[PDB]
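Encoded as structure tokens, the following chain is the form deposited in one PDB entry, with no partner shown.
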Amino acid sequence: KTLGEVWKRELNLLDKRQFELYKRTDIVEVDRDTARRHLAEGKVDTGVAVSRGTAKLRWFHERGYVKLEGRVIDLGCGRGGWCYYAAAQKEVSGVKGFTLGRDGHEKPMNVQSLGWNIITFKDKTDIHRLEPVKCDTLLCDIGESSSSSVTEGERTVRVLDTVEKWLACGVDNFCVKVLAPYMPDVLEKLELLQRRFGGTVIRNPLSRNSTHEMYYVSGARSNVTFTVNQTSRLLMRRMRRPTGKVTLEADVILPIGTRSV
């Protein structure tokens, strides 16, 4: 019954053509051409991002939605876009990335952008069964889309359930993907987490319209229900006018080399 649940229903009614167009309507996208060429060539010293994720985290970081400091842990690191971005920040002292990296799941990519030497990647790891570790900055970018809102809700609550174990260890900063913030059980869990750990959910402009994902971050505090519905309204306006118009932006280029001394 929430606006988001209606959005899901309408989204499933779209055909292949409509979906493609709607998905990119009025969104921002980084140009990945150069990065893809460099990675295909096996270049590791050009500072290009291993995934579109680097730009996503940069957006939150550059405007204070999440501070990247001290010991960073990245749950569901995949290729490592967030790990490399974090590793390049002077305030960060170490980065530990964990991901499944198997049976189709993306494995950590090895490049040598600034601070690559302070990153420890660990694949073949299900973060839902990983014993929480003390850290200062907790990142998690997990959440698989589903045509079923019930399923997206289940997946989102599971992620929040696991993340709560890590936040309970005491963390200063966090940025966690919330796949389906529009589901009522999720809204309630977010309200409870907000009272316990602070923060709020923010929509990243680089997210495609095909997902209602928002990120639970430590750098701001606001009315969760209100802001989730603001995004539901935006997503629905875009479905009524699916122009497929995209705004291209320059991708992230990080410094290179090891952080030493």
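Counting begins at 1, following the sequence as shown. So that the term is clear: the rigid core is the largest set of C-alpha atoms that superpose within 1.5 Å between two forms.
Colleague: Fitting on the rigid core only, I'd like to know which of the two stretches, 7-15 or 248-256, ends up farther away in Cα terms in 5 other deposited structures of this protein.
Modeller: Taking the RMS over all superposed structures in 5 other deposited structures of this protein, 7-15 lies farther out.
Colleague: Comparing 225-233 with 39-47, where is the mean C-alpha B-factor higher?
Modeller: If you average the C-alpha B-factors of 225-233 and of 39-47, the larger mean comes out for 39-47.
Colleague: Could you check the entry and say whether 121-129 or 156-164 has the higher mean CA B-factor?
Modeller: Higher of the two, by average CA B-factor, is 121-129.
Colleague: Among the modelled residues of its chain, does the C-alpha B-factor of residue 184 lie in the lowest, middle or highest third?
Modeller: Within its chain, residue 184 is a middle-third residue by C-alpha B-factor, going by the deposited values.
Colleague: Once the chain's modelled residues are ordered by C-alpha B factor and cut into thirds, is residue 111 in the lowest, middle or highest one?
Modeller: Its C-alpha B-factor, which the entry lists for residue 111, ranks in the highest third among residues of this chain.
Colleague: With respect to C-alpha B-factor, does residue 144 fall in the lowest, middle or highest third of the chain as deposited?
Modeller: Highest third, going by the recorded CA B-factors of the chain.
Colleague: Splitting the chain's C-alpha B-factors into thirds, which one does residue 94 fall into?
Modeller: CA B-factor rank for residue 94: middle third.
Colleague: Taking only the Cα B-factors deposited for this chain, tell me whether residue 34 sits in the lowest, middle or highest third.
Modeller: Answer is highest: the recorded C-alpha B-factor places it there.
Another form exists, solved in complex with a small molecule; not displayed. Remarks below refer to it.
Colleague: Only one of 88-96, 187-195, 141-149, 166-174 has heavy atoms within 4.5 Å of the small molecule in the deposited complex; I'd like to know which.
Modeller: That would be stretch 141-149.
Colleague: Counting any non-hydrogen atom inside 4.5 Å, which residue from 21, 14, 253, 246 sits next to the small molecule in the deposited complex?
Modeller: When the small molecule is considered in the deposited complex, the option within 4.5 Å is 14.
Colleague: If you check 223, 210, 230, 46 against the small molecule in the deposited complex, which one has a heavy atom within 4.5 Å?
Modeller: Partner contact (heavy atom, 4.5 Å) among the options: 210.
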